[PDB]
């Protein structure tokens, strides 16, 4: 199906494709993703919002859950300062061309009936299971707090509370979402997107450890950031520059180079770019320059609307 192909494109996994095919037959359907409000919104966020846009075009009503209370339980600061960031994040997400219901957790996460359901789920969730679900999400702490195990069941309940057919997130959301499928009466279809590699080649991209491209970065910031990113010749796996070409660039694409080096390169797909680089037919710096300029031409509509 056309819709199914467009949804699956560039996903790490769908749990399950069979169930997703059933959701697509319905007349009304909805999908939700949530984010701990972040000071800088980077390509990691943009990749996921792109996936939410795909669902919108397939007839899904979209909810964005700004998990300000979740960020609080995960030691990201005080609530009023997280709300300020969440307002900015809502600004950015609309600039990406997503029109969705933007909901703040704290405005719904503390009502009488929501809280009781969290405690019902706490009866259903083992500590071991809750601990393991936060392995990739919990901010480091040498004395892990009780708030760390309340966080995942709150995320399970938002899925229940939102009534969505589809839950979207990064692969690090895998085990929390697997919990929601067991504990909630309705099984939710889970779409997980890949984790972007940081520009310095060490771990994922993230607001902390400045190894990211923000969607509102200036053309000068993007070039410099990409100029010095991790990118060994002939190396595709773990290469953040190739990931950006795979997930954000529009094809066909032209690499201009003098005839002394081969002449201009018309690249009709990402796979053709992968072949050129693997065969050392394209020097890393010419790769970086082209990707940076393309990215600038892709993030420009976002910059203007902000």
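Numbering follows the first chain given and starts at 1.
For the segment pair 139-147 and 202-210, the entry gives 202-210 the higher mean B-factor, averaged over Cα atoms. Taking only CA atoms, the mean B-factor in the PDB entry is higher for 78-86 than for the other of 130-138 and 78-86. Based on the entry's C-alpha B-factors, the most elevated value among 113, 217, 172, 165 belongs to 113. Remark: of 240, 44, 258, 32, 258 shows the highest value [criterion: C-alpha B-factor in the PDB entry].
When the CA B factors of the chain's modelled residues are split into thirds, the value for residue 290 lands in the lowest one. Annotation for residue 65: C-alpha temperature factor in the highest third relative to the rest of the modelled chain, per the entry. Among all modelled residues in its chain, residue 297 ranks in the lowest third by Cα B-factor.
In the deposited entry, the Cα temperature factor of residue 281 places it in the highest third of its chain's modelled residues. The deposited CA B-factor of residue 7 belongs to the middle third of values across its chain.
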